[PDB]
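Asks: Dumping the structure here so I can ask a few things about it.
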Amino acid sequence: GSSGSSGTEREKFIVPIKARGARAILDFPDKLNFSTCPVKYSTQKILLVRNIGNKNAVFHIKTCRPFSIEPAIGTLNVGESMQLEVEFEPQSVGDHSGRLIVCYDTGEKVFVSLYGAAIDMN
């Protein structure tokens, strides 16, 4: 009971009948698709983000190697964009997939699947 959850598929949350005031929201893709990259060598990519919310949004991403990005945290303002760098070096050859869990100041969470098929090309 206390500890032990069977497991349920994630469901896109939805706002109630009405919701006003002040809220922060960013623009993030469903997942990061990394084309055929080198296994040993490290891979990187740029992810643009434009503050869509109404007030200052504060997101804090957390990840670990081989998945690592920066700035792990930042503050975007409504009516502006930014660029986030994501570093990922698949030390092992094969298919690597993960998930970027973002943390908001208000108390929200995000899910962004990761990818980066590595090959022994070298």
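Nothing in this text is a laboratory measurement; each read-out follows from the coordinates by a stated rule. All Cβ positions, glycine included, derive from the backbone under ideal geometry; neighbour counts span all protein chains shown.
Asks: Identify, please: which residue in segment 61-117 is of a type in the set (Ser, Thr, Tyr) and either under 14 Å from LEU48 (Cα atoms) or in contact with a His (Cβ under 6 Å, 6 or more places away or on another chain) (or both) and is, among those, surrounded by the fewest Cβ atoms within 10 Å (Cβ to Cβ)? Break it down into steps so the answer makes sense when it comes.
Replies: Of segment 61-117, the ones of a type in the set (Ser, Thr, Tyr) are 63, 68, 75, 81, 92, 97, 104, 106, 113, 115.
From what is left, the residues that are either under 14 Å from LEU48 (Cα atoms) or in contact with a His (Cβ under 6 Å, 6 or more places away or on another chain) (or both) are 75, 81.
Details: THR75: 14, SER81: 11.
Restricting to residues being of a type in the set (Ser, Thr, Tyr) and either under 14 Å from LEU48 (Cα atoms) or in contact with a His (Cβ under 6 Å, 6 or more places away or on another chain) (or both), the top hit is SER81.
Asks: Within segment 16-26, does at least one residue satisfy the condition of being touching a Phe, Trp or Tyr at 6+ places or on another chain (Cβ under 8 Å) and within 15 Å of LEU84 (Cβ to Cβ)?
Replies: yes
Asks: Something else: Taking segment 45-97 as the search range and keeping residues that are of a type in the set (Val, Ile, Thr) and more than 14 Å from the chain's Cα centre (by Cα), which one is farthest from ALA118 (Cα to Cα)?
Replies: Filtering segment 45-97 for residues that are of a type in the set (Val, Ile, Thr) and more than 14 Å from the chain's Cα centre (by Cα), the one farthest from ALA118 (Cα to Cα) comes out as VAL78.
Asks: While we're looking at this one, here's another question. Looking only at segment 85-114, filter to residues that are in a strand (DSSP E or B) and of a type in the set (A, V, I, L, M); which one of those is farthest from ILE14 (Cα to Cα)? Steps first, answer last, please.
Replies: To start, the set of residues in segment 85-114 that are in a strand (DSSP E or B) comprises 85-88, 94, 99, 101-104, 109-110, 113-114.
When the remaining residues are screened for being of a type in the set (A, V, I, L, M), the result is 86, 101-102, 110, 114.
Numbers: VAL86: 29, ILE101: 19, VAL102: 18, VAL110: 14, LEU114: 24 Å.
So, considering only residues that are in a strand (DSSP E or B) and of a type in the set (A, V, I, L, M), the one farthest from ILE14 (Cα to Cα) is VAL86.
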